Structures are given as C-alpha cells and as structure tokens.
Amino acid sequence: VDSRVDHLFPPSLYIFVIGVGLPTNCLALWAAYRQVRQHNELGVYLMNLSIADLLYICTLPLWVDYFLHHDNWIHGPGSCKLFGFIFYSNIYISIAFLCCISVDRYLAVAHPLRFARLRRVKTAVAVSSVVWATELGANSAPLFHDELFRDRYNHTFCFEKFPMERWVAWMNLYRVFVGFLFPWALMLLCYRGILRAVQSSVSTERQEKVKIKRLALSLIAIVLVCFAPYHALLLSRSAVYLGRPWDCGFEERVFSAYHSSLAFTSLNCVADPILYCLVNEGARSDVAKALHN
C-alpha cells in the first residue's frame, strides 16, 4: 500500500517530452495538413496523430507536479476526470492511428491497382472519426467512477489506487490485449506485407529496399520498446490482484517500476513526429519551407 520517491525520472522525462514534442508535433501537424491539401489521405491520419499527441502533451504539466509533489495533487476532485483521463487515453489513440497508417501503407504498396475507394480523403475522415469515437467510448469507465482517492500514507492519487479496485483489473487486461497487441500485431503484419511486396519491385536499387526495411523495423520496434514495459507491468499487476487481492504485497515492490514505465510510455510523443513526418526528405522540405515563413 506504500510507495516511494518518484520525483526524479518522471519529473524530467515529461519535461523533455514536452520540450521536444511541442516544437515538433506542431511541425508534423503542418506537414500532415500539407499532405491533406494535395489529396493525400495518409496526411489525415498523420494529422490526427499529431492532435492525438498534442492534447496529450498539454496534459503532462498537471502530472509533472503530481510527480514533483510527492504523489499527490489536490487540483480538483472533478478535474482528475477530464484531464488525466486524457493522459491515460491517448496512448491507446495514437497507437490506433499508428495502425491506420500501416494498413493505408499496405493497401497502397502491396495492393496497388485495387482498393481505390478505401484511399480517399473522405473514407480517411470516416475511419478517423470512428477510431476517435470507439477509443473514447471503450476507455470511458474511469469517467464514471470516483477517482481522487486518498490513503493515510500522505499521498492522494489521480486515477490510480493501491490496491486497485476490481473493475480496474479487467480494464487493465483489456488495455493490454486490445490497445497494444492487436494494433501492434496489425502494424507488424502490414509492414511485413509491405516488405514482402517491395522485395519484388524491379525498380528499386537494392539500397532503397534496405532503407525501407530498416525504417519499417524501427517503426514496429519503437512502439514496442516504448509501450511494452508498461503493459507487462500492468498485466502483472492485474494478474496478481486477481489471484490474491487482500495480500497487496506485490504492489510495494513494483510501484517505482510502474511509475517509471508509465513515464517511459510518453516517448512515443517525440518518436512519432520524428519517425513519421520529419525523417523523410519530402515532409522535411515542407517543414523547412515553414520554419522560414
């Protein structure tokens, strides 16, 4: 039931994420909008992704103090329900737009000459709206229940309880299995298909093929290295609470790792612009033509 001193790692990783994402996710948003202007349906997804990790980034300050102040912030018994829900519900939105891009890259490279209706800007808007709606609806149970819970150990939390409630375990399991592995499996399969289709192009020079390979592998590996520790610890917590709830002895030995990994989950906000709208020579031109405007 106790805790530790997490005022060093996620007092600083969040600051770095803010300071590197605010001036880069905005430029990724600009590049995505430029893509949308010239009838490129990928940009829509890209654009949404930027939104998905801008309104997330602006949520961090309310939390950095939560981790600078030793594990408590009294800023609103009704405020850790619409700013803090966002904190826990963009990791599962961004990843979805990570998947939507991958399929859109599978359907255009692996299956050209087909599926022209699915690569319109209109259908991109429809899919993006459905993604937003379903992600904001499935993760909507924390809005209902009371969240700001105070212990006697001098710290009160925002959206986490120690030991956690029964309903939290089932949503944690759902998050792990239907917000991380399913979109990640789709990304892996789609980039596998793209590599398998591009290994037959007559018009690629045995070098761009290697560049595509080491870009797709990185795209499917950064998501893993950023989200895996958190969901591994989340599944571990939700499997120990559902075998022995009263004997909350596992929690004390894993609280620090849990919070450090939750902080580490925030590196996708700086990985996404770099890997998606700033690494290639095309969007980088539309960015360098905007830093001078």
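One-based numbering along the chain as shown.
Determined by electron microscopy, 2.6 Å, according to the entry header.
Keep in mind that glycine also has a Cβ here, set from the backbone N, Cα and C atoms.
Residues near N154 (N-linked glycosylation site) in space but far in sequence (CB under 8 A, at least 6 apart, same chain), listed by position: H70, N72. Among the features that Swiss-Prot reports, N-linked glycosylation site is placed at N154.
According to Swiss-Prot, the region 'Extracellular loop 2 (ECL2)' annotation covers 147-162, on the basis of similarity to another entry. Long-range Cβ contacts of the region 'Extracellular loop 2 (ECL2)' (147-162) within its own chain (Cβ-Cβ under 8 Å, at least 6 residues beyond either end) map to 1-3, 63, 66, 70-74, 77, 80-81, 84-85, 87-88, 168, 248, 251, 255.
Marked as site 'Required for activation' by Swiss-Prot: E135. Under DSSP, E135 (site 'Required for activation') is assigned to a helix (H, G or I) in the three-state scheme.
As annotated by Swiss-Prot, site 'Proton sensing' applies to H145 (among others), with the evidence given as experimental evidence. Cβ neighbour count for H145 (site 'Proton sensing'): 11 (other Cβ atoms within 10 Å of its Cβ, all protein chains included).
Swiss-Prot lists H155 (among others) with the feature site 'Proton sensing'. Within 10 Å of the Cβ of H155 (site 'Proton sensing') there are 16 other Cβ atoms, across all protein chains.
Marked as site 'Proton sensing' by Swiss-Prot: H259 (among others). Non-local neighbourhood of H259 (site 'Proton sensing'): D6, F9, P10, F67, each in the same chain, at least six residues away, with C-beta under 8 Å from its C-beta.
Taken from Swiss-Prot, the feature topological domain 'Cytoplasmic' applies to 36-39 (among others), supported by experimental evidence.
Only residues 6 or more beyond the boundaries of the topological domain 'Cytoplasmic' (112-119), in the same chain, are considered here, and those with a CB under 8 A from a CB of the stretch are 41, 104. For 112-119 (among others), the entry in Swiss-Prot reads topological domain 'Cytoplasmic', with the evidence type experimental evidence.
Look at Swiss-Prot and you will find 201-204 (among others) tagged as topological domain 'Cytoplasmic', backed by experimental evidence.
If you look up Swiss-Prot, you'll see 40-70 (among others) marked as transmembrane segment.
Outside the transmembrane segment (76-111), and at least 6 residues removed from its termini, the chain residues within Cβ reach (under 8 Å) are 41-42, 45-46, 48-49, 52-53, 55-56, 59-60, 62-63, 118-119, 124, 127-128, 131-132, 135-136, 139, 142-143, 147-148, 158-159, 175, 179-180, 183-184, 186-187, 190-191, 193-194, 196-198, 219, 223, 227, 265, 268-269, 272, 276. The transmembrane segment annotation in Swiss-Prot covers 76-111 (among others).
For the transmembrane segment (120-146), the list of distant contacts is 36, 39-42, 44-45, 48, 81-82, 85, 88-89, 92-93, 96-97, 100, 104, 159, 165, 167, 171, 174-175, 178: same-chain residues at least six beyond its ends, Cβ to Cβ under 8 Å. Annotation source Swiss-Prot lists transmembrane segment at 120-146 (among others), citing experimental evidence.
Under 8 Å from some Cβ of the transmembrane segment (163-200) lie the Cβ atoms of residues 1, 91-92, 95-96, 98-99, 102-103, 105-106, 109-110, 138-139, 141-142, 145, 209, 212-213, 216-217, 219-220, 223-224, 227-228, 231, 234-235, 237-238, 241-242, 245, 248, 251, all in the same chain and six or more residues away from its ends. Residues or ranges marked as transmembrane segment in Swiss-Prot: 163-200 (among others).
Annotation source Swiss-Prot lists transmembrane segment at 205-240 (among others), citing experimental evidence.
Per Swiss-Prot, transmembrane segment is recorded for 251-279 (among others). Tertiary proximity for the transmembrane segment (251-279) is limited to same-chain residues at least six positions away from its ends with a CB under 8 Å from its CB atoms, namely 1-4, 6, 9-10, 13-14, 16-17, 20-21, 24-25, 27-28, 31-32, 46, 49-50, 53, 56-57, 60, 67, 91, 94-95, 98, 101, 162-163, 215, 218-219, 222-223, 226-227, 229-230, 233, 236-237, 287.
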Chain-internal residues, separated by at least six, CB under 8 A from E135 (site 'Required for activation'): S89, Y92, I93, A96
Intrachain residues whose Cβ lies under 8 Å of the topological domain 'Cytoplasmic' (36-39), provided they are six or more past its termini: 47, 121
Beyond the flanks of the transmembrane segment (40-70) by at least 6 residues, Cβ under 8 Å: 5-7, 10-11, 14-15, 17-18, 21-22, 25-26, 28-29, 31-34, 79, 83-84, 86-87, 90-91, 93-94, 97-98, 100-101, 104-105, 119-121, 123-125, 128, 131-132, 154-155, 158, 259, 263, 266, 268-269, 272-273, 276-277
Long-range neighbours of the transmembrane segment (205-240), counting only residues six or more past its ends (CB under 8 A): 91, 95, 98, 102, 164, 168-170, 172-173, 175-176, 180, 184, 187-188, 191, 194-195, 198-199, 250-251, 254, 257-258, 261-262, 264-265, 267-268, 271, 275, 279
Secondary structure composition of the topological domain 'Cytoplasmic' (201-204) [DSSP: H/G/I, E/B, coil]: 0 helix, 0 strand, 4 coil
Residue distribution over DSSP helix, strand and coil in the region 'Extracellular loop 2 (ECL2)' (147-162): 0 helix, 4 strand, 12 coil
